[PDB]
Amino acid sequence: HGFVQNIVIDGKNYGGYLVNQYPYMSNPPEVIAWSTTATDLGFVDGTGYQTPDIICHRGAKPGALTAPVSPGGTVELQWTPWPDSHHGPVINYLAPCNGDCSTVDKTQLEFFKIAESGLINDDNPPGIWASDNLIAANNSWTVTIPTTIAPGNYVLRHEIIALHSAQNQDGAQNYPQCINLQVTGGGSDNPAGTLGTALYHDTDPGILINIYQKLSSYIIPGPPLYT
């Protein structure tokens, strides 16, 4: 259980959507982060993969603000302290807003994968995952925005999937966090985009999986990485 508390871009903090404060507030602040109803700090499991909840988490609505990112610049997302138990991949997708991200229909966003990290080492099952990398980096993930994509406004959909219960149907725990970015530079790729509700299915080999046994490979779920 956890959520993105803060985002660092070009030497300043953009406060995140504090899901344990703002939902109780009724005049909460404008942020670059999407609002959610996930006040349990919980997940979207396999029962929700073909519901709108999977896109930017349960009941999610666009953030009011959009953060400019320098060309090929870094977006550092800072989580609440991530449990060692919650082993699994950290995956990053962009969808174009074709306009102000604050007014987009989330149901029509088309995501391309810009980064994935999965099973790093399996010497000691369940092993060392991207989630363990995120913990070792004091609960922060660094995303580099490609230079080869068309500039414009994009939703960054940032996700940990926890696999600690994933040996059972609908056991995998998706933690998607969305923020609004204004990508800059000279690129011109418009990568083939996957609907939120076509990202994952509940029987994918990276999703329905027993992590506690020796694993020879791990197929990171979601569409193919763009390069």
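When you see a residue number, it is the position in the sequence shown, counting from 1.
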| query | finding |
| --- | --- |
| Higher-scoring stretch by recorded Cα B factor average, 14 to 22 or 213 to 221 | 213 to 221 |
| Higher-scoring stretch by recorded Cα B factor average, 24 to 32 or 165 to 173 | 24 to 32 |
| Criterion, highest CA B-factor; candidates, 92, 124, 133, 153 | 124 |
| Relative C-alpha B-factor of residue 50, binned into the chain's lowest, middle or highest third | middle |
| Entry-reported Cα temperature factor of residue 197, expressed as the chain third it lands in | lowest |
| Within-chain third of residue 184 by Cα B-factor, per the entry | middle |
| Modelled-residue ranking by C-alpha temperature factor, third containing residue 37 | lowest |
| Chain-relative CA temperature factor third for residue 101 | middle |
